[PDB]
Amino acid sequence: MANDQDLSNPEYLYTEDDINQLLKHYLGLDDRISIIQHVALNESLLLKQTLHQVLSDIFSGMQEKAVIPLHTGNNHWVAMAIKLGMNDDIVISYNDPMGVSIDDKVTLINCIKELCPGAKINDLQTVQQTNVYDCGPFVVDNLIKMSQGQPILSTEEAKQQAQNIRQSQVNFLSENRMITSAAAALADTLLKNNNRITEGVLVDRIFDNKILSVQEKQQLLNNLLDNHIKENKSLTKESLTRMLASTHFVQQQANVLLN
């Protein structure tokens, strides 16, 4: 692991993945919220296509709202949230933790005018970030509050709470790294030498596993059956790891699974 991966560093710089994992943790139980993972200001086509997809899902009712951590520069993310207002209009709320107006991001604005000129834009324009490394914590906190309909941290509140919101977010990131590592170790023992496995083979490998106890197999399988094992999907190391990481089983036994 590289030194810039040390969560105990008060100046730890969030990655795109960190932000996504935190939004999924705090917002992802609600299936009707689109958490957008990778979108950048220097990707006009991909940005217009993602915004089109999100607005279409909100218009067509498949989603109620969306959170979009928009990457605008070196370690800089802006918070964009999209939802249905009270007057049959799309409401785009936005805050740059540096306090720069949304008008400075002309590629974003021209992309929104081109896609939805009849959308309302609430640019909250609130300075929060007081240093180069705190954009991550604030884009996360902002997106959570915006999607909850709660006011974002004011400039003064941001100064008092900057260290607290970072602390509780990195506390999750640390626990989540453990869960993902346990899930990946367990996935390895179940996948054996295979490139893919079906859910049906996954079930049989858990049955035949010689490491887990009967009670552990029973909990893991009940967890999987709750949301999976419906259509015999074929899984990769990555999608099996994600599936296992989301089980109560791995969350409750991650340390035992790694040691």
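Start at 1 and count along the sequence shown; that's the residue number.
In the PDB record, does 95-103 or 171-179 carry the higher mean Cα temperature factor?
In the deposited entry, the stretch with the higher C-alpha B-factor mean is 95-103.
Test of understanding: from the entry's C-alpha B-factors, which stretch has the higher mean, 37-45 or 226-234?
Mean C-alpha B-factor is greater for 37-45.
Candidate residues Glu199, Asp57, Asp208, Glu216, the one whose C-alpha B factor the record puts highest
The listed residue with the largest C-alpha B-factor is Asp57.
In terms of CA temperature factor as recorded, identify the highest of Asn164, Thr189, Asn142, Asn87.
So the option with the highest C-alpha B-factor is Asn87.
Among modelled residues of the same chain, the CA temperature factor third for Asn195
Lowest third, going by the recorded CA B-factors of the chain.
Lowest, middle or highest third - CA B-factor, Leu221
Bottom third by C-alpha B-factor.
Compare the C-alpha B factor of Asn3 with those of the other modelled residues in its chain, then answer lowest, middle or highest third.
Highest third - that is where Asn3 ends up once the chain's C-alpha B-factors are sorted.
Sorting by Cα B-factor within the chain, modelled residues only, which third would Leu70 end up in: lowest, middle or highest?
As the PDB entry reports it, the C-alpha B-factor of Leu70 lands in the middle third of its chain.
Test of reading the entry: by CA B factor among the chain's modelled residues, which third contains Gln252?
Within its chain, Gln252 is a lowest-third residue by C-alpha B-factor, going by the deposited values.
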